[PDB]
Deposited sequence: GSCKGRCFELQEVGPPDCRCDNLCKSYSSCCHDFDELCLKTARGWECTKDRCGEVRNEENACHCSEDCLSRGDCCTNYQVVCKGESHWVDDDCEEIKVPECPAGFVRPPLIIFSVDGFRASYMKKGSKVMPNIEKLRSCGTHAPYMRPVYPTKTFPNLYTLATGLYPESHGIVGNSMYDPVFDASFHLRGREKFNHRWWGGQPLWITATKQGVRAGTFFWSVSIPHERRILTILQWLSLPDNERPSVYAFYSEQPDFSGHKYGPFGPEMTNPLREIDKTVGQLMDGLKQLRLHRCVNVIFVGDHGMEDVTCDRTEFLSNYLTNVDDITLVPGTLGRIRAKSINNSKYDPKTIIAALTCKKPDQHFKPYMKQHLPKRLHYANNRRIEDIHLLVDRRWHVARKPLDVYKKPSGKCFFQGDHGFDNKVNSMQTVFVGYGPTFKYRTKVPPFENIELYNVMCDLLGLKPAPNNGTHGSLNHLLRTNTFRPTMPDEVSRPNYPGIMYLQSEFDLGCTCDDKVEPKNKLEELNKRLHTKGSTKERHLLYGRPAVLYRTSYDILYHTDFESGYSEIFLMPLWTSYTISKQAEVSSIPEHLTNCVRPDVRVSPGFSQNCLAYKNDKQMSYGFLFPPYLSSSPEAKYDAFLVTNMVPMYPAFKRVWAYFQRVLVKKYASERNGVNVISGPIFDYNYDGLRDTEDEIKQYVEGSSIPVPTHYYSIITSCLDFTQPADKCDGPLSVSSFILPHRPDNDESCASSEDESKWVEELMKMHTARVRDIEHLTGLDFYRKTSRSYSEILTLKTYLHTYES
C-alpha cells in the first residue's frame, strides 16, 4: 500500500489497491505517499557543477551522483555538466544509416512526442526559439504541415493519431458527445471518459500488445511535470529486455493552453514554444546519455492548429430560432443541434435548417444535415453525430444565447482544410530518411507508418498503406494494386432503332461508317491516359468508344460508372445547338432493357437530366451527337444543372487553359447511408419516378494534368497533378447563399468546399484509378491521397 520503488510502474494494479502509475492521479487512486515519493521536485530537473559526484539524496527529483547511470535516474544534462559532453542540439546532423541499439533491442523503439494545439506556422519562428525542434526538422524527415481530422478538436485527433481511423469510425466524434444507445454524455470530469464503451478501433498500444510488443502508457495525468514524463520514458528504456517497452508517447498541454488565452499570433506564444523545445532538448540529451540517440525513432506531431477567435465574434441561434429552449447545442467552433426533450412537439429538423439558412448577409455559420456535409470531412456515419450540424467560419463561435474583454483569444475545431488548423510532423531516427522534405499528408496515414516502424501488422484503418513509404529509409510493406473483379464487355452496334421504345426524341435524320466512329481507334490513347479504371465489385458494364470520350456504362445502374475525356489547352467551347436542346439518342450498342427512358424524366416533375461528357466540348458538330446518347445521360435536379452546366461549359475549359490540358473522369456516386462507401442496389433509396433509374447522391470529377505544366496532359513524362470534387446532388442551392447571382459568383465556391481525394471517390465508387502509368505504385498512392485545399 505504498509507492516505494514502484513510482510510474508499467504494472496494472486492479481496484481497490492504491496505484503508482501515470494515470493514478486522473482516476484519483494513487497511494498516500505517491505525491511525496513520485512527485519529487527538490533541486529541479538540471544538474549543476556543484552536484557532480554528490552523495545520493533520494528526495532529489533527479540525481548527479556517480551511481545515477546504473540506477538510470540521472538528470538529462548529467553527462553534459559533469562529464564535459555536448548537448545533442550542439552536434552536427550525422546520417543514421542503421539503428545503433544495444544488443537485446529486437527493434528500434518509437517515441511519439505529441504537442496539443501546435500550429504548423509556429515552425517559422526558427532555431532562435526552438533550436532542438529545428534540428529534428532539418536532420530528419518533415512535412510543411499535417492535416488533422474534423472536428479539429483534441480527443478526436489524438485518437485518430493512435487508430488511423476517422472519428465517425473510432467513436470519439468530439471532446463532448451524447450516445443515444448508452443514453449517456461523454465529458472530461471524473470516471466517464475511462469507460471503454466510448473507444472504438484499435489504438497503437493495443496493436503492439496483441503482437507481443510492450507499450509504455501513452496518457499522462497533468499533475506529472513534463520533466518527470521525459525521465520516466528514459527510465523505462533502461529496463531489462523482458520488461522494456518498444513504443512510448509524451503529451504536452502546450502550446494549446497559451494559444487559447493569447491567440496564436501573440508575442506571449514565444515562451511556451521555448519551454516545449527545452523539454525536447531534455529527451534528446537523455537519449544521447543512454547512447540511444541513433537507436530510437522520434515522431514530433501535433493534434491540430490554433485560430484567432474572440468572444466578440459569436453568432447566437436565438437570432434565428423562435425557441432555443427546445434544442441542445454543442457550441463553439462547430455546432451540433438535437431536441432537448421528447414530450416537446415544437422541435422539427426541417424548420430549424430553414430558419438557420442564409438569413443574415454576413452569416458566419452554415447549417447542414450531416449527410450533406462535404464528404472529405467523413463526419456522418456515427449515432453520436447529431443530424443537424453547423459549419462555423474560421475566427468565429456559434452559441445558443447571448448570455452564454474576453477570457479567450484562440480556439480550434473548424473545417480541417483551414490553414490555421494545420499541425506539425517531424520524423527523426534510423528508419526515417535523412534531411528530407515530403508533401503535406493527413494524420489518418500515421498509424500505418508507426506500425511499419515497429514491425506491426496494422488493424484495418482509413490510411492508404504505402502512401507514406517515401518518409522511410526502409519499408517492410510493399503495396499491391487490387485485382479487377469485373471484366468489361465491348458491345458492337447491333440493335435496330425500331427495337427502342424509350419515349426519347432527337433531330437526327452508312452502317460501317457509324461503327468506325465508335471503334477503339486512338480513343483510349487520347481519352484514357492512365489506363481503364478497374471495377473492384461484381457488376455488368460496357466500354463505349467515341471520338471525344470513353465511358464504362453500368447495365445495373443504367448509366456510366466513369466517363473519361481529354480537353487540350487550345480546345474550343461551343453551345448546345437549339435543334438538339432536348435531344436524347438511343445507343444501338446497349439493349433497350439496359437503357434509361425519357418517359421516366417527364413523369418525374422534380427530376431533369444532364450528360457526363459535355456537349459544349464536342470536337466537331458531327461528334456532338455522341454527347446526346442515352448512355451519356444521368439524373440531375434543375437546381444542380445550374452548377453542372457551369462546370462543363466554363470551368473545364478554364482548367484546360491553366494546366496545359486536363484529363477529366466524371461519374455518379450513391451513398444514401452516408458511410463513405459505394452503395449496393439494396441501399439506394431514390429512383426517377416510375422507373429503376437510381438517383446519385453526388457527382465526382477527377481532373489530371502534368505536374510539369510545360508538357501537355497527354504527353506527360513524370509526376501528375490532380484536383477532384464530390458535388452533392441537391434539389436546391440553399447551401450557396449567393446562388441568386450569376454562376461566376458562387459555383466555383461550392466546388472548392467539396474538393476530394481520388481515394475518397474510389471508396464511394468501388473503382481503382491510375493503373497504367510510368509512376511507381507507392507514388500513385500518394497522388490518390492528395487534397487540393485552395488555402
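Missing C-alpha coordinates mark the following deposited-sequence intervals, in order: 405-411, 517-522, 805.
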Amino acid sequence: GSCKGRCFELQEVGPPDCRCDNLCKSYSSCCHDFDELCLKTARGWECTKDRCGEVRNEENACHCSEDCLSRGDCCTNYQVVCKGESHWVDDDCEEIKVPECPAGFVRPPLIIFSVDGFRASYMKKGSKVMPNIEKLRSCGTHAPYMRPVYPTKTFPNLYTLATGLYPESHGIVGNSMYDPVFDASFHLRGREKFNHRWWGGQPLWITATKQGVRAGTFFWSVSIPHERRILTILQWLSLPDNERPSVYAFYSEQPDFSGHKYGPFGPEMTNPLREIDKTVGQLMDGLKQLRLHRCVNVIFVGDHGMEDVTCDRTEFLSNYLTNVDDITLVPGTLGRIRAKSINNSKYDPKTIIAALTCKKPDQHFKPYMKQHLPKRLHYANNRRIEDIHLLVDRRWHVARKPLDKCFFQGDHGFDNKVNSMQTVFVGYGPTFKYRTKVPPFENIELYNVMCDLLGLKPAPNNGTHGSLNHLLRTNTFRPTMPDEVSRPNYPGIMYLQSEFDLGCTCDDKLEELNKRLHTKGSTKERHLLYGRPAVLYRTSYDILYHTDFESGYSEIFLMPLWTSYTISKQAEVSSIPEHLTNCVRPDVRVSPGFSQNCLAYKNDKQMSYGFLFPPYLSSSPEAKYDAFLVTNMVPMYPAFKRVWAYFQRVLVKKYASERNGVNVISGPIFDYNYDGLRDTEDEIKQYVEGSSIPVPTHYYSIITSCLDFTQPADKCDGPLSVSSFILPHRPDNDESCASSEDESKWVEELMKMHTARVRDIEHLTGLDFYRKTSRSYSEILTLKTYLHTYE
From here on, numbers count along this sequence of modelled residues.
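Just going by the entry, 578-586 versus 382-390 on mean CA temperature factor gives the higher value to 578-586. The PDB entry records a higher mean C-alpha B factor for 92-100 than for its counterpart among 92-100 and 635-643. The top Cα temperature factor in the record, among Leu37, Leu764, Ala738, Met751, falls on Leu37.
Comparing the C-alpha B-factors of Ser467, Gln254, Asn343, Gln202 in the entry, the top value falls on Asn343. In this PDB entry, the Cα temperature factor of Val747 sits in the middle third of its chain's modelled residues. The entry lists a Cα temperature factor for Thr782 that places it in the lowest third of the chain's modelled residues. Per the PDB record, residue ranking by Cα B-factor puts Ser138 in the middle third of the chain.
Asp734 sits in the middle third of its chain by CA B factor, as recorded in the PDB entry. Ranked against the other modelled residues of its chain, the C-alpha B-factor of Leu513 as given in the entry falls in the highest third.
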